[PDB]
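Student: Before I ask anything, let me first share the structure, which is written out below as structure tokens.
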Amino acid sequence: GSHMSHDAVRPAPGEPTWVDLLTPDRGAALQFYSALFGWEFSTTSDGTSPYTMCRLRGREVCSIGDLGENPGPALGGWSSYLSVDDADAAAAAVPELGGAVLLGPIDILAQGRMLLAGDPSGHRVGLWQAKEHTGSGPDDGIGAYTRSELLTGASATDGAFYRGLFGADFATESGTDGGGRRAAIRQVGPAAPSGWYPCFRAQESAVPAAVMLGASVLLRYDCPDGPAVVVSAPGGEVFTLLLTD
Ligand SMILES: Cc1cc(O)cc2c1[C@@H]1O[C@@](C)(Cc3cc4c(c(O)c31)C(=O)c1c(O)cc(O)cc1C4(C)C)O2
């Protein structure tokens, strides 16, 4: 009966949520994508759909998806999944800011909820509902996710979207949070690509690992961390590599 909670939850910032990447041919993608980082494949479970989990050193990293006969998937390439208060929370604030929900709310195997929002031009913003964990996986340095960064032509706009679905604006109040949300938005276009694509950690040797395959060069500089490498995969998947150790 319109009661409020009496507990403030403050998750640990920095920890990424998740990152999935659809492909036309999972079999082939594993040959390209995994050739960049140098990961290993694993067998799928039986009884369920074919799911290849990409793990190494007994440490969780990422998973690959596929479409088969689905010409219009949900992912549409790399993207950053931001963790919201609730699937419905975010979706509910979408219209409050003046956006449009494209997908969700949906119940993926009653395990989680993924939905997309933004404008009807086809902008997909990864939104996951953190209930158990916020994607706190093993910190093996290299090979694990690094962070989430979106390159849009309207930092001021996207910022408004984030501050609304995540920022305090969501609940137009303070006290029942700390501020442990992860996101990043930069304004670029002429001198840098555009789209949703988190960063990843790899050795310097990974740079050419992609080149040799025939990756497309767009932008590999002008980053806050210094050395950056953004390549465009042949299928249309855009992602950024940062050299650290
Ligand atoms: C949204 C969606 C809706 C739908 O009707 C069918 C469907 C998907 C999508 O692609 C697949 C192949 C299955 C699938 C699986 C996941 C996600 C996903 O988008 C999709 C997903 O978003 C996600 C995540 O964000 C964090 C996780 O820890 C795990 C996942 C899993 C479960 C791997 O078919």
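In the structure tokens, chains take the letters A, B, ... in the order shown, each chain's residues start at 1, and ligands count up from 1 in the order shown.
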Give me the residues near residue 90 in chain A as a list in words, where near means some atom within 10 Å (using only C-alpha atoms) and where sequence neighbours in that chain fewer than 4 positions away do not count.

Tutor: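 Surrounding residues, per the criterion: residues 83, 84, 85, 86, 94, 95, 96, 101, 105, 115, 116, 117, 127, 128, 129, 161, 162, 164, 165, 166 and 170 of chain A.
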
Student: Keeping only N, CA and C atoms, write the selected residues as a PDB file, in the first residue's frame.

Tutor:
```
ATOM      1  N   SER A  83      23.320  -1.571 -15.636  1.00  0.00           N
ATOM      2  CA  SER A  83      22.498  -2.167 -14.598  1.00  0.00           C
ATOM      3  C   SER A  83      21.567  -1.109 -13.986  1.00  0.00           C
ATOM      4  N   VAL A  84      20.269  -1.411 -14.087  1.00  0.00           N
ATOM      5  CA  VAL A  84      19.218  -0.550 -13.604  1.00  0.00           C
ATOM      6  C   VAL A  84      18.609  -1.117 -12.320  1.00  0.00           C
ATOM      7  N   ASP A  85      17.908  -0.223 -11.602  1.00  0.00           N
ATOM      8  CA  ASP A  85      17.239  -0.582 -10.370  1.00  0.00           C
ATOM      9  C   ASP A  85      16.314  -1.779 -10.566  1.00  0.00           C
ATOM     10  N   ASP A  86      15.659  -1.788 -11.736  1.00  0.00           N
ATOM     11  CA  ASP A  86      14.725  -2.832 -12.102  1.00  0.00           C
ATOM     12  C   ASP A  86      14.416  -2.675 -13.582  1.00  0.00           C
ATOM     13  N   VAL A  94      11.914   5.731 -18.850  1.00  0.00           N
ATOM     14  CA  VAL A  94      12.130   6.030 -20.255  1.00  0.00           C
ATOM     15  C   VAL A  94      11.153   7.110 -20.734  1.00  0.00           C
ATOM     16  N   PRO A  95       9.846   6.883 -20.610  1.00  0.00           N
ATOM     17  CA  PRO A  95       8.888   7.864 -21.096  1.00  0.00           C
ATOM     18  C   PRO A  95       8.920   9.187 -20.326  1.00  0.00           C
ATOM     19  N   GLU A  96       9.329   9.126 -19.051  1.00  0.00           N
ATOM     20  CA  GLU A  96       9.400  10.311 -18.220  1.00  0.00           C
ATOM     21  C   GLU A  96      10.403  11.332 -18.770  1.00  0.00           C
ATOM     22  N   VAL A 101      10.390   2.951 -25.425  1.00  0.00           N
ATOM     23  CA  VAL A 101      10.806   1.582 -25.191  1.00  0.00           C
ATOM     24  C   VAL A 101      10.605   0.790 -26.488  1.00  0.00           C
ATOM     25  N   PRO A 105       9.215  -4.949 -21.150  1.00  0.00           N
ATOM     26  CA  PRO A 105       9.849  -5.880 -20.233  1.00  0.00           C
ATOM     27  C   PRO A 105       9.614  -7.331 -20.689  1.00  0.00           C
ATOM     28  N   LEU A 115      16.048  -5.339 -21.788  1.00  0.00           N
ATOM     29  CA  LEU A 115      15.183  -4.502 -22.596  1.00  0.00           C
ATOM     30  C   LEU A 115      16.029  -3.394 -23.215  1.00  0.00           C
ATOM     31  N   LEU A 116      15.517  -2.833 -24.321  1.00  0.00           N
ATOM     32  CA  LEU A 116      16.170  -1.735 -25.002  1.00  0.00           C
ATOM     33  C   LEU A 116      15.235  -0.521 -25.054  1.00  0.00           C
ATOM     34  N   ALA A 117      15.855   0.662 -25.049  1.00  0.00           N
ATOM     35  CA  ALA A 117      15.179   1.941 -25.073  1.00  0.00           C
ATOM     36  C   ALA A 117      15.983   2.917 -25.936  1.00  0.00           C
ATOM     37  N   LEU A 127      20.145  -2.937 -21.138  1.00  0.00           N
ATOM     38  CA  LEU A 127      19.609  -2.704 -19.811  1.00  0.00           C
ATOM     39  C   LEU A 127      19.334  -4.069 -19.166  1.00  0.00           C
ATOM     40  N   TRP A 128      20.046  -4.325 -18.064  1.00  0.00           N
ATOM     41  CA  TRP A 128      19.904  -5.526 -17.263  1.00  0.00           C
ATOM     42  C   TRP A 128      19.449  -5.141 -15.855  1.00  0.00           C
ATOM     43  N   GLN A 129      18.677  -6.054 -15.253  1.00  0.00           N
ATOM     44  CA  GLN A 129      18.106  -5.875 -13.928  1.00  0.00           C
ATOM     45  C   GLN A 129      18.968  -6.596 -12.881  1.00  0.00           C
ATOM     46  N   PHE A 161      19.385  10.744 -20.625  1.00  0.00           N
ATOM     47  CA  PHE A 161      18.780   9.426 -20.591  1.00  0.00           C
ATOM     48  C   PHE A 161      19.327   8.621 -19.406  1.00  0.00           C
ATOM     49  N   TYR A 162      20.649   8.685 -19.231  1.00  0.00           N
ATOM     50  CA  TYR A 162      21.293   7.928 -18.173  1.00  0.00           C
ATOM     51  C   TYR A 162      20.934   8.500 -16.804  1.00  0.00           C
ATOM     52  N   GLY A 164      18.406   9.899 -15.955  1.00  0.00           N
ATOM     53  CA  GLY A 164      17.012   9.647 -15.708  1.00  0.00           C
ATOM     54  C   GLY A 164      16.705   8.203 -15.328  1.00  0.00           C
ATOM     55  N   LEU A 165      17.367   7.249 -16.009  1.00  0.00           N
ATOM     56  CA  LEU A 165      17.066   5.857 -15.737  1.00  0.00           C
ATOM     57  C   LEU A 165      17.905   5.297 -14.579  1.00  0.00           C
ATOM     58  N   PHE A 166      19.055   5.935 -14.363  1.00  0.00           N
ATOM     59  CA  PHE A 166      20.039   5.529 -13.387  1.00  0.00           C
ATOM     60  C   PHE A 166      20.283   6.609 -12.330  1.00  0.00           C
ATOM     61  N   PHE A 170      15.811   9.560 -11.507  1.00  0.00           N
ATOM     62  CA  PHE A 170      14.896   8.446 -11.631  1.00  0.00           C
ATOM     63  C   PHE A 170      13.793   8.503 -10.578  1.00  0.00           C
TER      64      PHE A 170
END
```

Student: Dump the neighbourhood of ligand 1 as an MDAnalysis selection string: all residues within 6 Å, distances computed on only C-alpha atoms and all ligand atoms.

Tutor: chainID A and resid 18 65:66 74 114 128

Student: Would you write out those residues with C-alpha atoms, as a PDB file, in the first residue's frame?

Tutor:
```pdb
ATOM      1  CA  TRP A  18      27.524  -8.256 -19.212  1.00  0.00           C
ATOM      2  CA  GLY A  65      24.927 -15.662 -29.246  1.00  0.00           C
ATOM      3  CA  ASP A  66      23.388 -16.385 -32.624  1.00  0.00           C
ATOM      4  CA  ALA A  74      17.728  -7.940 -30.516  1.00  0.00           C
ATOM      5  CA  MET A 114      16.847  -7.447 -20.869  1.00  0.00           C
ATOM      6  CA  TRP A 128      19.904  -5.526 -17.263  1.00  0.00           C
TER       7      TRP A 128
END
```

Student: Set the distance at 8 Å and use only C-alpha atoms: which residues neighbour residue 199 in chain A once local chain neighbours fewer than 6 positions away are removed? I'd like the list as a PDB file with N, CA and C atoms, in the first residue's frame.

Tutor:
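What follows is the written file result_39.pdb:
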```
ATOM      1  N   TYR A 145      36.269  -8.128 -19.095  1.00  0.00           N
ATOM      2  CA  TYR A 145      35.704  -6.849 -19.469  1.00  0.00           C
ATOM      3  C   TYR A 145      36.483  -5.728 -18.767  1.00  0.00           C
ATOM      4  N   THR A 146      36.426  -4.534 -19.387  1.00  0.00           N
ATOM      5  CA  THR A 146      37.128  -3.383 -18.854  1.00  0.00           C
ATOM      6  C   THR A 146      36.184  -2.312 -18.307  1.00  0.00           C
ATOM      7  N   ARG A 147      35.222  -1.925 -19.149  1.00  0.00           N
ATOM      8  CA  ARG A 147      34.269  -0.887 -18.812  1.00  0.00           C
ATOM      9  C   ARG A 147      33.318  -0.729 -19.997  1.00  0.00           C
ATOM     10  N   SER A 148      32.339   0.166 -19.796  1.00  0.00           N
ATOM     11  CA  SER A 148      31.344   0.487 -20.789  1.00  0.00           C
ATOM     12  C   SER A 148      31.451   1.962 -21.193  1.00  0.00           C
ATOM     13  N   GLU A 149      31.476   2.166 -22.517  1.00  0.00           N
ATOM     14  CA  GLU A 149      31.635   3.475 -23.115  1.00  0.00           C
ATOM     15  C   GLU A 149      30.833   3.490 -24.420  1.00  0.00           C
ATOM     16  N   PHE A 239      34.132  -2.736 -31.726  1.00  0.00           N
ATOM     17  CA  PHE A 239      34.606  -2.907 -30.368  1.00  0.00           C
ATOM     18  C   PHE A 239      35.983  -2.262 -30.211  1.00  0.00           C
ATOM     19  N   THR A 240      36.306  -1.949 -28.945  1.00  0.00           N
ATOM     20  CA  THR A 240      37.526  -1.251 -28.606  1.00  0.00           C
ATOM     21  C   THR A 240      38.428  -2.079 -27.683  1.00  0.00           C
ATOM     22  N   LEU A 241      39.715  -2.027 -28.007  1.00  0.00           N
ATOM     23  CA  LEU A 241      40.762  -2.739 -27.308  1.00  0.00           C
ATOM     24  C   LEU A 241      41.729  -1.740 -26.667  1.00  0.00           C
ATOM     25  N   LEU A 242      41.967  -1.973 -25.374  1.00  0.00           N
ATOM     26  CA  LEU A 242      42.886  -1.189 -24.579  1.00  0.00           C
ATOM     27  C   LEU A 242      44.010  -2.106 -24.087  1.00  0.00           C
TER      28      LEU A 242
END
```

Student: Would you mind listing what lies within 8 Å of residue 245 in chain A as a list in words, with only C-alpha atoms counted and same-chain residues fewer than 4 positions away left out?

Tutor: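 Returned residues: residues 141, 142, 202 and 203 of chain A.
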
Student: Tell me, which residues of range 36-142 of chain A carry DSSP strand (DSSP E), written as a list in words?

Tutor: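 Checking each residue of range 36-142 of chain A, the strand (DSSP E) ones are residues 53, 54, 55, 56, 59, 60, 61, 62, 63, 64, 81, 82, 83, 84, 100, 101, 114, 115, 117, 118, 126, 127, 128 and 129 of chain A.
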
Student: If you keep C-alpha atoms, can you produce a file of those selected residues as a PDB file, in the first residue's frame?

Tutor:
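File result_39.pdb, as written:
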```
ATOM      1  CA  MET A  53      30.331 -20.338 -23.187  1.00  0.00           C
ATOM      2  CA  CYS A  54      33.787 -18.774 -23.757  1.00  0.00           C
ATOM      3  CA  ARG A  55      35.875 -19.331 -20.631  1.00  0.00           C
ATOM      4  CA  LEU A  56      39.560 -19.643 -19.785  1.00  0.00           C
ATOM      5  CA  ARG A  59      37.333 -17.893 -15.044  1.00  0.00           C
ATOM      6  CA  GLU A  60      34.154 -16.504 -16.592  1.00  0.00           C
ATOM      7  CA  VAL A  61      34.616 -14.008 -19.431  1.00  0.00           C
ATOM      8  CA  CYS A  62      31.788 -13.802 -21.954  1.00  0.00           C
ATOM      9  CA  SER A  63      29.254 -15.643 -24.070  1.00  0.00           C
ATOM     10  CA  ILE A  64      28.404 -15.639 -27.759  1.00  0.00           C
ATOM     11  CA  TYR A  81      24.653  -3.369 -20.655  1.00  0.00           C
ATOM     12  CA  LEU A  82      23.984  -0.901 -17.875  1.00  0.00           C
ATOM     13  CA  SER A  83      22.498  -2.167 -14.598  1.00  0.00           C
ATOM     14  CA  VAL A  84      19.218  -0.550 -13.604  1.00  0.00           C
ATOM     15  CA  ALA A 100      10.570   5.195 -26.327  1.00  0.00           C
ATOM     16  CA  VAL A 101      10.806   1.582 -25.191  1.00  0.00           C
ATOM     17  CA  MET A 114      16.847  -7.447 -20.869  1.00  0.00           C
ATOM     18  CA  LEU A 115      15.183  -4.502 -22.596  1.00  0.00           C
ATOM     19  CA  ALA A 117      15.179   1.941 -25.073  1.00  0.00           C
ATOM     20  CA  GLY A 118      15.999   5.185 -26.846  1.00  0.00           C
ATOM     21  CA  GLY A 126      21.617  -2.682 -23.047  1.00  0.00           C
ATOM     22  CA  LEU A 127      19.609  -2.704 -19.811  1.00  0.00           C
ATOM     23  CA  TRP A 128      19.904  -5.526 -17.263  1.00  0.00           C
ATOM     24  CA  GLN A 129      18.106  -5.875 -13.928  1.00  0.00           C
TER      25      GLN A 129
END
```

Student: Which one is closest to residue 98 in chain A: A:28, A:160, A:144, A:12? Count only C-alpha atoms.

Tutor: A:160

Student: With DSSP run on the backbone, what are the alpha helix (DSSP H) residues within range 5-51 of chain A? I'd like them as a compact mmCIF listing (two decimals) with N, CA, C and O atoms, in the first residue's frame.

Tutor:
```txt
# COMPACT_ATOMS: atom_id res chain seq x y z
N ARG A 26 27.78 -18.60 -35.54
CA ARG A 26 28.53 -18.74 -34.30
C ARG A 26 29.83 -19.50 -34.55
O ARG A 26 30.88 -19.17 -34.00
N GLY A 27 29.72 -20.59 -35.31
CA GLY A 27 30.90 -21.37 -35.63
C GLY A 27 32.04 -20.52 -36.18
O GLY A 27 33.20 -20.70 -35.81
N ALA A 28 31.69 -19.60 -37.08
CA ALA A 28 32.71 -18.78 -37.72
C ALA A 28 33.18 -17.67 -36.78
O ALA A 28 34.36 -17.35 -36.68
N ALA A 29 32.22 -17.08 -36.07
CA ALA A 29 32.53 -15.99 -35.18
C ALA A 29 33.58 -16.40 -34.15
O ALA A 29 34.48 -15.64 -33.82
N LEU A 30 33.42 -17.61 -33.62
CA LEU A 30 34.36 -18.10 -32.63
C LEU A 30 35.79 -18.15 -33.19
O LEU A 30 36.75 -18.12 -32.44
N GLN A 31 35.91 -18.24 -34.52
CA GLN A 31 37.21 -18.30 -35.15
C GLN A 31 37.86 -16.92 -35.25
O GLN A 31 39.07 -16.77 -35.14
N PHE A 32 37.02 -15.90 -35.51
CA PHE A 32 37.48 -14.53 -35.60
C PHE A 32 37.62 -13.91 -34.20
O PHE A 32 38.69 -13.53 -33.76
N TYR A 33 36.48 -13.81 -33.50
CA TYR A 33 36.46 -13.15 -32.21
C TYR A 33 37.50 -13.75 -31.27
O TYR A 33 38.28 -13.07 -30.62
N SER A 34 37.49 -15.09 -31.18
CA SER A 34 38.40 -15.73 -30.26
C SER A 34 39.86 -15.60 -30.69
O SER A 34 40.76 -15.75 -29.87
N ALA A 35 40.10 -15.33 -31.98
CA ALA A 35 41.43 -15.11 -32.49
C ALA A 35 42.01 -13.75 -32.08
O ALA A 35 43.20 -13.52 -32.22
N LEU A 36 41.15 -12.86 -31.58
CA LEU A 36 41.58 -11.53 -31.18
C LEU A 36 42.18 -11.57 -29.77
O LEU A 36 43.24 -11.04 -29.48
N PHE A 37 41.41 -12.22 -28.87
CA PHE A 37 41.78 -12.34 -27.48
C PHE A 37 42.59 -13.61 -27.17
O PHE A 37 43.43 -13.62 -26.28
```

Student: At what distance in Å, to one decimal, does CA of residue 143 in chain A lie from CA of residue 210 in chain A?

Tutor: 14.8 Å

Student: Residues at most 10 Å from residue 13 in chain A, counting only C-alpha atoms, excluding those fewer than 2 positions away in the same chain, as a ChimeraX atom specification?

Tutor: /A:10-11,15-16,134,136,178-183

Student: Which residue, A:138, A:190, A:226, A:1, has the smallest gap to residue 153 in chain A when you use only C-alpha atoms?

Tutor: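 The answer is A:190, which sits nearest to residue 153 in chain A.
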
Student: Fewer than 3 positions away in the same chain doesn't count, so skip those; otherwise give me all residues within 12 Å of residue 71 in chain A, counting only C-alpha atoms, as a PyMOL selection string.

Tutor: chain A and resi 22-24+66-68+74-76

Student: Go through A:102, A:171, A:207, A:110 one by one, measure the shortest atom-to-atom distance of each to residue 4 in chain A using only C-alpha atoms, and give the residue with the smallest value.

Tutor: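 Nearest candidate to residue 4 in chain A out of A:102, A:171, A:207, A:110: A:171.
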
Student: Pick the closest to residue 155 in chain A from A:131, A:167, A:47, A:185: which is it, counting only C-alpha atoms?

Tutor: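 So, comparing all the options, the nearest one is A:185.
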
Student: Quick one: distance from CA of residue 78 in chain A to CA of residue 124 in chain A in Å, one decimal?

Tutor: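 Separating CA of residue 78 in chain A from CA of residue 124 in chain A is a distance of 10.0 Å.
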
Student: Which is closer to residue 236 in chain A than all the others in A:154, A:215, A:223, A:89, using only C-alpha atoms?

Tutor: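 Using only C-alpha atoms, residue 236 in chain A sits closest to A:215.
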
Student: Between A:99, A:14, A:122, A:58, which is the closest to residue 72 in chain A once you count only C-alpha atoms?

Tutor: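 That would be A:122, the residue with the smallest distance to residue 72 in chain A.
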
Student: Any idea what the distance is between CA of residue 213 in chain A and CA of residue 21 in chain A?

Tutor: 18.2 Å
